[PDB]
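Here is the structure we will look at, set down as structure tokens.
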Amino acid sequence: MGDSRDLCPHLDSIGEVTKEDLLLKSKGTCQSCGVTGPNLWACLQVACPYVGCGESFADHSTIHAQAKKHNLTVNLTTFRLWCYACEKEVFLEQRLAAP
Ligand SMILES: [Zn+2]
Ligand SMILES: [Zn+2]
Ligand SMILES: [Zn+2]
């Protein structure tokens, strides 16, 4: 059972992809559009390594969450998540600290 608000429901189903994955994803460009770093949004499912765009370009965040039904993604622009399911933005459950 999940809890707290920052912690999203599907956030526990995505497990924890490779941290560095969030680091290369933050490389600076969409992997399918090559648009830029700011306003990027890479998928964050237990098994979906790909850095999509944010409206900034075509927002793969939508068609990608729309095609793969993946709701959670992380904006390497501000460091938060986005559940196309809970349809909102969320940061690490904060339960952790000084990682
Ligand atoms: Zn969710
Ligand atoms: Zn995905
Ligand atoms: Zn894209």
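Including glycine, each Cβ sits where the backbone N, Cα and C put it.
Here's what Swiss-Prot has on this protein:
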- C8, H10, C83, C86: Zn(2+) 1 binding site (BINDING)
- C30, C33, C53, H60: Zn(2+) 2 binding site (BINDING)
- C43, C48, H64, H70: Zn(2+) 3 binding site (BINDING)
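Annotated features taken from Swiss-Prot, shown on the structure.
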{"residue": "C8", "record": "Zn(2+) 1 binding site", "DSSP (3 states)": "coil"}
{"residue": "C30", "record": "Zn(2+) 2 binding site", "DSSP (3 states)": "coil"}
{"residue": "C43", "record": "Zn(2+) 3 binding site", "DSSP (3 states)": "strand"}
{"residue": "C48", "record": "Zn(2+) 3 binding site", "DSSP (3 states)": "coil"}
{"residue": "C53", "record": "Zn(2+) 2 binding site", "DSSP (3 states)": "coil"}
{"residue": "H60", "record": "Zn(2+) 2 binding site", "DSSP (3 states)": "helix"}
{"residue": "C86", "record": "Zn(2+) 1 binding site", "DSSP (3 states)": "coil"}
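Here the Cα atom of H64 (Zn(2+) 3 binding site) is found 12 Å from that of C30 (Zn(2+) 2 binding site). In sequence order, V17, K68, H70 make up the list of same-chain residues 6 or more apart from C48 (Zn(2+) 3 binding site) whose Cβ falls under 8 Å from its Cβ.
For ligand 3, the nearby binding-site residues are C30, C53, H60; that is, of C30, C53, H60, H64, these have a C-beta under 6 Å from one of its atoms. Taking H10, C30, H60, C83, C86 as the candidate binding-site residues, the subset whose CB lies under 6 angstroms from any atom of ligand 2 is empty. Fewest other C-beta atoms within 10 angstroms, among the binding-site residues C8, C30, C43, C83, are seen around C83.
In this structure, the binding-site residues that sit close to ligand 1, with a C-beta under 6 angstroms from any of its atoms, are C8, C86, chosen from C8, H60, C86. If you compare Cα positions, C8 (Zn(2+) 1 binding site) sits closest to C43 out of the binding-site residues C33, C43, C53, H60. Listed binding-site residues: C53, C86. The one with the lowest count of other Cβ atoms within 10 Å of its Cβ is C86.
Nearest by CA distance to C33 (Zn(2+) 2 binding site), out of the binding-site residues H10, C83, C86, is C83.
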